[PDB]
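J.: File follows, data_19.txt with compact mmCIF, N, CA and C atoms and all ligand atoms:
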```
# COMPACT_ATOMS: atom_id res chain seq x y z
N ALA A 1 0.85 -1.23 0.00
CA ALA A 1 0.00 0.00 0.00
C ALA A 1 0.87 1.26 0.00
N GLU A 2 0.73 2.11 0.99
CA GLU A 2 1.64 3.21 0.89
C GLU A 2 2.75 2.77 1.83
N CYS A 3 3.93 2.48 1.29
CA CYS A 3 5.03 2.03 2.11
C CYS A 3 5.96 3.14 2.58
N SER A 4 5.40 4.35 2.68
CA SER A 4 6.13 5.50 3.14
C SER A 4 5.20 6.51 3.76
N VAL A 5 5.80 7.30 4.63
CA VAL A 5 5.03 8.33 5.32
C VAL A 5 5.94 9.53 5.54
N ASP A 6 5.46 10.71 5.14
CA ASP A 6 6.23 11.96 5.30
C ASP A 6 5.80 12.66 6.59
N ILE A 7 6.73 12.86 7.52
CA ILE A 7 6.41 13.47 8.81
C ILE A 7 7.17 14.78 9.08
N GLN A 8 6.51 15.70 9.79
CA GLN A 8 7.10 16.99 10.14
C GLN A 8 7.17 17.21 11.65
N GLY A 9 8.30 17.75 12.10
CA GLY A 9 8.51 18.06 13.51
C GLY A 9 8.69 19.56 13.57
N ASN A 10 7.94 20.25 14.43
CA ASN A 10 8.02 21.72 14.49
C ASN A 10 8.61 22.36 15.75
N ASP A 11 8.44 23.68 15.82
CA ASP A 11 8.91 24.47 16.95
C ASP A 11 7.97 24.40 18.14
N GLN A 12 6.78 23.85 17.93
CA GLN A 12 5.80 23.68 19.01
C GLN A 12 5.88 22.25 19.51
N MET A 13 7.03 21.62 19.29
CA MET A 13 7.24 20.25 19.72
C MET A 13 6.11 19.37 19.24
N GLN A 14 5.75 19.49 17.98
CA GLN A 14 4.66 18.69 17.47
C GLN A 14 5.00 17.97 16.18
N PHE A 15 4.52 16.72 16.10
CA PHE A 15 4.64 15.89 14.91
C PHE A 15 3.29 16.18 14.26
N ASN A 16 3.22 16.10 12.94
CA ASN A 16 1.97 16.35 12.22
C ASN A 16 1.26 15.03 11.94
N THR A 17 1.58 14.02 12.74
CA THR A 17 1.02 12.68 12.58
C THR A 17 1.00 11.98 13.94
N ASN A 18 -0.11 11.33 14.24
CA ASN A 18 -0.27 10.65 15.51
C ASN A 18 -0.49 9.16 15.34
N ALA A 19 -0.74 8.74 14.11
CA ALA A 19 -0.99 7.33 13.83
C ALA A 19 -0.35 6.90 12.53
N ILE A 20 0.39 5.80 12.59
CA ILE A 20 1.04 5.26 11.40
C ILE A 20 0.63 3.81 11.23
N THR A 21 0.13 3.50 10.04
CA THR A 21 -0.29 2.15 9.71
C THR A 21 0.69 1.60 8.68
N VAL A 22 1.28 0.45 8.99
CA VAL A 22 2.23 -0.19 8.10
C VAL A 22 1.56 -1.40 7.46
N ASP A 23 1.32 -1.31 6.15
CA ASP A 23 0.68 -2.40 5.42
C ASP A 23 1.59 -3.63 5.42
N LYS A 24 1.04 -4.73 5.91
CA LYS A 24 1.71 -6.03 6.00
C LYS A 24 2.33 -6.48 4.66
N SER A 25 1.89 -5.85 3.57
CA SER A 25 2.36 -6.16 2.22
C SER A 25 3.66 -5.47 1.82
N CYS A 26 4.08 -4.48 2.62
CA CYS A 26 5.32 -3.77 2.32
C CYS A 26 6.49 -4.60 2.85
N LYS A 27 7.54 -4.76 2.04
CA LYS A 27 8.72 -5.48 2.49
C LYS A 27 9.51 -4.54 3.40
N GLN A 28 9.49 -3.26 3.04
CA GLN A 28 10.18 -2.21 3.78
C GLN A 28 9.19 -1.07 3.97
N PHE A 29 9.49 -0.21 4.94
CA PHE A 29 8.64 0.94 5.19
C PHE A 29 9.57 2.12 5.44
N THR A 30 9.21 3.27 4.87
CA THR A 30 10.04 4.45 4.97
C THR A 30 9.38 5.65 5.62
N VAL A 31 10.12 6.32 6.49
CA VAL A 31 9.62 7.53 7.15
C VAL A 31 10.50 8.70 6.71
N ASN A 32 9.87 9.73 6.16
CA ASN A 32 10.61 10.91 5.71
C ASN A 32 10.33 12.07 6.64
N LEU A 33 11.25 12.29 7.56
CA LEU A 33 11.13 13.35 8.56
C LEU A 33 11.73 14.68 8.14
N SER A 34 10.97 15.75 8.35
CA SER A 34 11.47 17.08 8.04
C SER A 34 11.21 18.04 9.20
N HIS A 35 11.93 19.15 9.21
CA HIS A 35 11.80 20.13 10.28
C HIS A 35 11.50 21.52 9.72
N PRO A 36 10.20 21.87 9.63
CA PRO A 36 9.81 23.19 9.11
C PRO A 36 10.02 24.37 10.08
N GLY A 37 10.46 24.08 11.30
CA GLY A 37 10.70 25.14 12.27
C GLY A 37 11.92 26.01 12.01
N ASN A 38 12.21 26.94 12.92
CA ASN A 38 13.36 27.85 12.80
C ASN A 38 14.47 27.51 13.78
N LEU A 39 14.13 26.77 14.82
CA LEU A 39 15.08 26.43 15.86
C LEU A 39 16.09 25.33 15.53
N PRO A 40 17.35 25.50 15.98
CA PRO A 40 18.40 24.50 15.73
C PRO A 40 18.13 23.22 16.51
N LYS A 41 18.82 22.15 16.15
CA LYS A 41 18.57 20.88 16.82
C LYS A 41 19.01 20.79 18.25
N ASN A 42 19.84 21.73 18.70
CA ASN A 42 20.27 21.70 20.09
C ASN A 42 19.20 22.23 21.05
N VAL A 43 18.21 22.94 20.52
CA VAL A 43 17.13 23.48 21.35
C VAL A 43 15.79 22.87 20.97
N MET A 44 15.64 22.50 19.70
CA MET A 44 14.38 21.93 19.23
C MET A 44 14.63 20.78 18.27
N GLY A 45 15.63 19.96 18.58
CA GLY A 45 15.95 18.84 17.72
C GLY A 45 14.87 17.78 17.72
N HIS A 46 14.68 17.16 16.56
CA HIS A 46 13.68 16.11 16.44
C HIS A 46 14.17 14.89 15.71
N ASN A 47 13.81 13.73 16.24
CA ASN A 47 14.12 12.50 15.57
C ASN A 47 12.85 11.67 15.61
N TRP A 48 12.82 10.63 14.80
CA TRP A 48 11.67 9.74 14.77
C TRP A 48 12.25 8.40 15.17
N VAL A 49 11.85 7.92 16.35
CA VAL A 49 12.36 6.67 16.88
C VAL A 49 11.22 5.68 17.08
N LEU A 50 11.43 4.45 16.66
CA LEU A 50 10.40 3.44 16.80
C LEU A 50 10.78 2.33 17.76
N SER A 51 9.81 1.88 18.55
CA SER A 51 10.00 0.80 19.52
C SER A 51 8.62 0.33 19.89
N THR A 52 8.55 -0.82 20.55
CA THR A 52 7.27 -1.36 21.00
C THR A 52 6.73 -0.34 22.00
N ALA A 53 5.42 -0.19 22.06
CA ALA A 53 4.80 0.75 22.98
C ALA A 53 5.28 0.54 24.42
N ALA A 54 5.79 -0.65 24.70
CA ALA A 54 6.28 -0.97 26.03
C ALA A 54 7.72 -0.55 26.29
N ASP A 55 8.54 -0.53 25.24
CA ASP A 55 9.94 -0.13 25.39
C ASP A 55 10.17 1.36 25.28
N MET A 56 9.14 2.11 24.91
CA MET A 56 9.28 3.55 24.75
C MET A 56 9.98 4.25 25.92
N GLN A 57 9.37 4.19 27.10
CA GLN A 57 9.90 4.84 28.30
C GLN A 57 11.39 4.70 28.59
N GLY A 58 11.90 3.48 28.58
CA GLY A 58 13.32 3.26 28.84
C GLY A 58 14.19 3.83 27.75
N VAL A 59 13.68 3.81 26.51
CA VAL A 59 14.42 4.35 25.38
C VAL A 59 14.52 5.86 25.54
N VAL A 60 13.39 6.50 25.84
CA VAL A 60 13.33 7.94 26.05
C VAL A 60 14.26 8.31 27.21
N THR A 61 14.04 7.66 28.36
CA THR A 61 14.81 7.91 29.57
C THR A 61 16.32 7.80 29.35
N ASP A 62 16.78 6.68 28.79
CA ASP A 62 18.22 6.51 28.56
C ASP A 62 18.73 7.40 27.44
N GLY A 63 17.84 7.76 26.54
CA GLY A 63 18.20 8.61 25.42
C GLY A 63 18.53 10.01 25.90
N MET A 64 17.72 10.53 26.81
CA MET A 64 17.96 11.88 27.33
C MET A 64 19.29 11.96 28.05
N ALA A 65 19.68 10.86 28.69
CA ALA A 65 20.93 10.78 29.45
C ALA A 65 22.17 10.60 28.58
N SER A 66 21.97 10.35 27.29
CA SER A 66 23.08 10.12 26.38
C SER A 66 23.70 11.36 25.73
N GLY A 67 22.96 12.46 25.70
CA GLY A 67 23.49 13.68 25.10
C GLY A 67 23.23 13.87 23.61
N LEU A 68 23.38 15.13 23.19
CA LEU A 68 23.17 15.55 21.81
C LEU A 68 24.10 14.87 20.81
N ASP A 69 25.36 14.71 21.20
CA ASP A 69 26.35 14.07 20.33
C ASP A 69 26.05 12.60 20.09
N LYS A 70 25.02 12.10 20.76
CA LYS A 70 24.59 10.71 20.62
C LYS A 70 23.14 10.66 20.11
N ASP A 71 22.67 11.82 19.65
CA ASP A 71 21.31 11.97 19.15
C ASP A 71 20.25 11.59 20.16
N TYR A 72 20.57 11.79 21.43
CA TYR A 72 19.66 11.47 22.51
C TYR A 72 19.15 10.04 22.40
N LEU A 73 20.08 9.15 22.11
CA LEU A 73 19.78 7.73 21.99
C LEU A 73 20.90 6.98 22.66
N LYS A 74 20.55 6.05 23.55
CA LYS A 74 21.60 5.28 24.19
C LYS A 74 22.26 4.45 23.12
N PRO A 75 23.59 4.43 23.12
CA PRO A 75 24.30 3.64 22.11
C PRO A 75 23.97 2.17 22.21
N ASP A 76 23.78 1.58 21.04
CA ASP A 76 23.52 0.16 20.94
C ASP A 76 22.24 -0.35 21.64
N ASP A 77 21.27 0.55 21.82
CA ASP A 77 19.99 0.25 22.46
C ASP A 77 19.11 -0.65 21.58
N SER A 78 19.04 -1.93 21.95
CA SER A 78 18.28 -2.97 21.24
C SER A 78 16.78 -2.79 21.08
N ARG A 79 16.21 -1.93 21.91
CA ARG A 79 14.78 -1.67 21.84
C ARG A 79 14.42 -0.80 20.65
N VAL A 80 15.41 -0.10 20.11
CA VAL A 80 15.17 0.75 18.95
C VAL A 80 15.04 -0.11 17.69
N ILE A 81 13.84 -0.16 17.14
CA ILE A 81 13.59 -0.93 15.94
C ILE A 81 14.19 -0.16 14.76
N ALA A 82 13.95 1.15 14.73
CA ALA A 82 14.44 2.03 13.68
C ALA A 82 14.47 3.45 14.19
N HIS A 83 15.26 4.29 13.53
CA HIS A 83 15.38 5.68 13.95
C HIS A 83 16.00 6.56 12.89
N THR A 84 15.56 7.82 12.82
CA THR A 84 16.17 8.78 11.92
C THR A 84 17.21 9.44 12.82
N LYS A 85 18.01 10.35 12.29
CA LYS A 85 18.95 11.04 13.17
C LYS A 85 18.23 12.26 13.71
N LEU A 86 18.85 12.97 14.66
CA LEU A 86 18.23 14.15 15.22
C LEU A 86 18.44 15.29 14.23
N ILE A 87 17.38 16.02 13.92
CA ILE A 87 17.47 17.14 12.97
C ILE A 87 16.95 18.47 13.51
N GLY A 88 17.45 19.56 12.94
CA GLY A 88 17.04 20.89 13.35
C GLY A 88 16.38 21.62 12.19
N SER A 89 16.06 22.89 12.38
CA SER A 89 15.41 23.70 11.35
C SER A 89 16.02 23.56 9.96
N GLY A 90 15.15 23.40 8.96
CA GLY A 90 15.61 23.28 7.59
C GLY A 90 16.18 21.94 7.17
N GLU A 91 16.40 21.06 8.13
CA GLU A 91 16.94 19.74 7.84
C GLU A 91 15.89 18.67 7.55
N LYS A 92 16.36 17.55 7.02
CA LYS A 92 15.51 16.42 6.68
C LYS A 92 16.29 15.12 6.78
N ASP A 93 15.57 14.02 6.97
CA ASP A 93 16.20 12.71 7.06
C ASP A 93 15.15 11.62 6.88
N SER A 94 15.57 10.49 6.32
CA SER A 94 14.65 9.39 6.08
C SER A 94 15.19 8.11 6.68
N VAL A 95 14.29 7.22 7.09
CA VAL A 95 14.71 5.93 7.62
C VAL A 95 13.86 4.83 6.96
N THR A 96 14.51 3.79 6.50
CA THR A 96 13.80 2.69 5.91
C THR A 96 14.13 1.47 6.74
N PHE A 97 13.11 0.70 7.10
CA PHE A 97 13.33 -0.49 7.91
C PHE A 97 12.53 -1.68 7.37
N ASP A 98 13.03 -2.88 7.64
CA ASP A 98 12.37 -4.12 7.20
C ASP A 98 11.05 -4.31 7.95
N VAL A 99 9.98 -4.52 7.20
CA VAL A 99 8.67 -4.73 7.79
C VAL A 99 8.62 -6.02 8.63
N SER A 100 9.53 -6.95 8.34
CA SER A 100 9.62 -8.21 9.07
C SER A 100 10.13 -8.05 10.51
N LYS A 101 10.57 -6.85 10.86
CA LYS A 101 11.05 -6.56 12.21
C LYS A 101 9.84 -6.21 13.09
N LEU A 102 8.66 -6.19 12.48
CA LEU A 102 7.41 -5.90 13.17
C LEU A 102 6.50 -7.12 13.13
N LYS A 103 5.64 -7.25 14.13
CA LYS A 103 4.70 -8.37 14.15
C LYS A 103 3.31 -7.85 14.46
N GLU A 104 2.30 -8.51 13.90
CA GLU A 104 0.91 -8.14 14.09
C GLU A 104 0.45 -8.24 15.55
N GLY A 105 -0.50 -7.38 15.91
CA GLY A 105 -1.07 -7.35 17.25
C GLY A 105 -0.34 -6.45 18.23
N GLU A 106 0.98 -6.59 18.24
CA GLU A 106 1.82 -5.81 19.13
C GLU A 106 1.70 -4.35 18.75
N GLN A 107 1.61 -3.50 19.76
CA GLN A 107 1.46 -2.07 19.55
C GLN A 107 2.84 -1.42 19.57
N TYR A 108 3.06 -0.49 18.66
CA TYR A 108 4.34 0.21 18.56
C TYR A 108 4.14 1.69 18.79
N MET A 109 5.20 2.37 19.18
CA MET A 109 5.12 3.82 19.39
C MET A 109 6.30 4.51 18.72
N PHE A 110 6.03 5.62 18.04
CA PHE A 110 7.10 6.38 17.44
C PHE A 110 7.17 7.66 18.24
N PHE A 111 8.38 8.12 18.49
CA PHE A 111 8.55 9.30 19.31
C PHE A 111 9.90 9.94 19.09
N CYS A 112 10.03 11.15 19.64
CA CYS A 112 11.25 11.94 19.59
C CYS A 112 11.91 11.77 20.95
N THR A 113 13.22 11.55 20.96
CA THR A 113 13.92 11.38 22.22
C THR A 113 14.60 12.63 22.76
N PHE A 114 14.42 13.77 22.09
CA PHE A 114 15.02 15.01 22.58
C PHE A 114 14.32 15.28 23.93
N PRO A 115 15.09 15.62 24.97
CA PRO A 115 14.57 15.90 26.32
C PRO A 115 13.21 16.60 26.40
N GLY A 116 12.24 15.89 26.97
CA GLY A 116 10.90 16.41 27.16
C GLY A 116 9.94 16.35 25.98
N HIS A 117 10.46 16.15 24.77
CA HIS A 117 9.61 16.12 23.60
C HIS A 117 8.60 15.00 23.54
N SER A 118 9.03 13.78 23.89
CA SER A 118 8.17 12.61 23.83
C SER A 118 6.82 12.75 24.53
N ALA A 119 6.69 13.76 25.38
CA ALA A 119 5.42 13.97 26.07
C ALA A 119 4.35 14.42 25.06
N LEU A 120 4.73 15.29 24.12
CA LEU A 120 3.84 15.77 23.04
C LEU A 120 4.14 14.97 21.77
N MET A 121 5.42 14.93 21.42
CA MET A 121 5.89 14.26 20.21
C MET A 121 5.97 12.74 20.22
N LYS A 122 4.81 12.10 20.15
CA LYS A 122 4.79 10.64 20.11
C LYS A 122 3.59 10.22 19.29
N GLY A 123 3.47 8.92 19.07
CA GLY A 123 2.36 8.44 18.29
C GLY A 123 2.29 6.93 18.22
N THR A 124 1.31 6.46 17.47
CA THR A 124 1.07 5.04 17.33
C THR A 124 1.49 4.49 15.97
N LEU A 125 1.93 3.24 15.96
CA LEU A 125 2.32 2.54 14.73
C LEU A 125 1.90 1.08 14.87
N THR A 126 1.08 0.62 13.94
CA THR A 126 0.59 -0.75 13.97
C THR A 126 0.80 -1.46 12.65
N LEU A 127 1.00 -2.77 12.71
CA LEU A 127 1.16 -3.56 11.50
C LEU A 127 -0.22 -4.07 11.13
N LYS A 128 -0.74 -3.60 10.00
CA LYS A 128 -2.05 -4.04 9.54
C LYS A 128 -1.86 -4.67 8.18
CU CU B 201 1.80 -0.30 -2.43
CU CU B 202 11.78 16.57 19.18
```
Just give me the structure of the file as structure tokens.
Ligand SMILES: [Cu+2]
Ligand SMILES: [Cu+2]
T.:
Amino acid sequence: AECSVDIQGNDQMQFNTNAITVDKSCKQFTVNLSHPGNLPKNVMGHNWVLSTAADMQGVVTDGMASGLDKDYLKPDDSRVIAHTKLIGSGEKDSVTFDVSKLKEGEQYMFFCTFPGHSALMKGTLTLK
């Protein structure tokens, strides 16, 4: 079906998407993240990180503790299914991941790991 989704992260700490459906027929799925805001990534950086709805918290928590030079992601964190890099105003990045890394029924969450963002900047992702 549509094996890609274009997402925007802004200065109001908002993603322009709250729900992502991944068609079971896609071998791969792509997320195209952009930043229409004016703020640099050190103050309003945004990334799109995917994990099971259950692993979100620890990923966010350890991510904030890792620092900007690590894209607010704990190094080698196995809970991260896929992730774009952290971007600031005017920047863009895409991530493509194997659909086979996802399974039906299980609920997934996509979110930004920049400190405090995940409270507003998060969403749902399901394999349908
Ligand atoms: Cu298609
Ligand atoms: Cu963010």
J.: Hey, which residues come within 5 Å of ligand CU 202 (chain B) if we count all atoms listed in the file? Could you give them as a compact mmCIF listing (two decimals) with N, CA and C atoms, in the frame of the given file?
T.:
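What ended up in result-v8.txt:
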```txt
# COMPACT_ATOMS: atom_id res chain seq x y z
N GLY A 45 15.63 19.96 18.58
CA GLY A 45 15.95 18.84 17.72
C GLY A 45 14.87 17.78 17.72
N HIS A 46 14.68 17.16 16.56
CA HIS A 46 13.68 16.11 16.44
C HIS A 46 14.17 14.89 15.71
N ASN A 47 13.81 13.73 16.24
CA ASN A 47 14.12 12.50 15.57
C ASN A 47 12.85 11.67 15.61
N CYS A 112 10.03 11.15 19.64
CA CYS A 112 11.25 11.94 19.59
C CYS A 112 11.91 11.77 20.95
N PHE A 114 14.42 13.77 22.09
CA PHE A 114 15.02 15.01 22.58
C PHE A 114 14.32 15.28 23.93
N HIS A 117 10.46 16.15 24.77
CA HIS A 117 9.61 16.12 23.60
C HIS A 117 8.60 15.00 23.54
```
J.: From the set A:118, A:61, A:25, A:52, which residue has the shortest atom-to-atom contact distance to residue 13 in chain A, counting only N, CA and C atoms?
T.: A:118
J.: Please report, as a list in words, each residue of range 16-104 of chain A to which DSSP assigns alpha helix (DSSP H) when run on this structure's backbone.
T.: residues 41, 42, 43, 44, 56, 57, 58, 59, 60, 61, 62, 63 and 64 of chain A
J.: Could you list the protein, DNA and RNA residues that have any atom within 9 Å of ligand CU 201 (chain B), counting only C-alpha atoms and all ligand atoms, and write them as a list in words?
T.: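 The residues near ligand CU 201 (chain B) are residues 1, 2, 3, 23, 25 and 26 of chain A.
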J.: Restricting the output to N, CA and C atoms, write the selected residues as a PDB file, in the frame of the given file.
T.:
```
ATOM      1  N   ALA A   1       0.850  -1.230   0.000  1.00  0.00           N
ATOM      2  CA  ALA A   1       0.000   0.000   0.000  1.00  0.00           C
ATOM      3  C   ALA A   1       0.870   1.260   0.000  1.00  0.00           C
ATOM      4  N   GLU A   2       0.730   2.110   0.990  1.00  0.00           N
ATOM      5  CA  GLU A   2       1.640   3.210   0.890  1.00  0.00           C
ATOM      6  C   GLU A   2       2.750   2.770   1.830  1.00  0.00           C
ATOM      7  N   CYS A   3       3.930   2.480   1.290  1.00  0.00           N
ATOM      8  CA  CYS A   3       5.030   2.030   2.110  1.00  0.00           C
ATOM      9  C   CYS A   3       5.960   3.140   2.580  1.00  0.00           C
ATOM     10  N   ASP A  23       1.320  -1.310   6.150  1.00  0.00           N
ATOM     11  CA  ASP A  23       0.680  -2.400   5.420  1.00  0.00           C
ATOM     12  C   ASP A  23       1.590  -3.630   5.420  1.00  0.00           C
ATOM     13  N   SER A  25       1.890  -5.850   3.570  1.00  0.00           N
ATOM     14  CA  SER A  25       2.360  -6.160   2.220  1.00  0.00           C
ATOM     15  C   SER A  25       3.660  -5.470   1.820  1.00  0.00           C
ATOM     16  N   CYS A  26       4.080  -4.480   2.620  1.00  0.00           N
ATOM     17  CA  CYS A  26       5.320  -3.770   2.320  1.00  0.00           C
ATOM     18  C   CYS A  26       6.490  -4.600   2.850  1.00  0.00           C
TER      19      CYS A  26
END
```
J.: Name the closest residue to residue 42 in chain A among the candidates A:21, A:89, A:28, A:66; distances are taken between atoms, counting only C-alpha atoms.
T.: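 Among the listed residues, the smallest separation from residue 42 in chain A belongs to A:89.
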J.: Enumerate, as a PyMOL selection string, the complete set of residues in range 49-94 of chain A that a backbone-based DSSP assignment places in strand (DSSP E or B).
T.: chain A and resi 49-52+82-83+87+92-94
J.: Looking at A:10, A:38, A:30, A:4, which one is nearest to residue 94 in chain A, with distances taken over only N, CA and C atoms?
T.: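 When distances to residue 94 in chain A are compared using only N, CA and C atoms, the smallest one comes from A:30.
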J.: Pick from A:72, A:97, A:111, A:29: nearest to residue 5 in chain A, with all atoms listed in the file counted?
T.: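 Of the candidates, the smallest distance to residue 5 in chain A is held by A:29.
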J.: Between A:120, A:101, A:73, A:40, which one has atoms that come closest to residue 12 in chain A, using all atoms listed in the file?
T.: A:120
J.: May I ask which of the residues A:109, A:36, A:31, A:41 is the closest one to residue 9 in chain A, counting only N, CA and C atoms?
T.: A:36
J.: Using all atoms listed in the file, what residues lie at most 8 Å away from (7.9, -3.7, 16.9) (file coordinates), given as number ranges by chain?
T.: A: 50-53, 81, 101-104, 106-109, 125
J.: Please list as a PyMOL selection string every residue within 12 Å of residue 76 in chain A, counting only C-alpha atoms and excluding residues in the same chain fewer than 2 positions away.
T.: chain A and resi 59+62-63+66+70+73-74+78-82
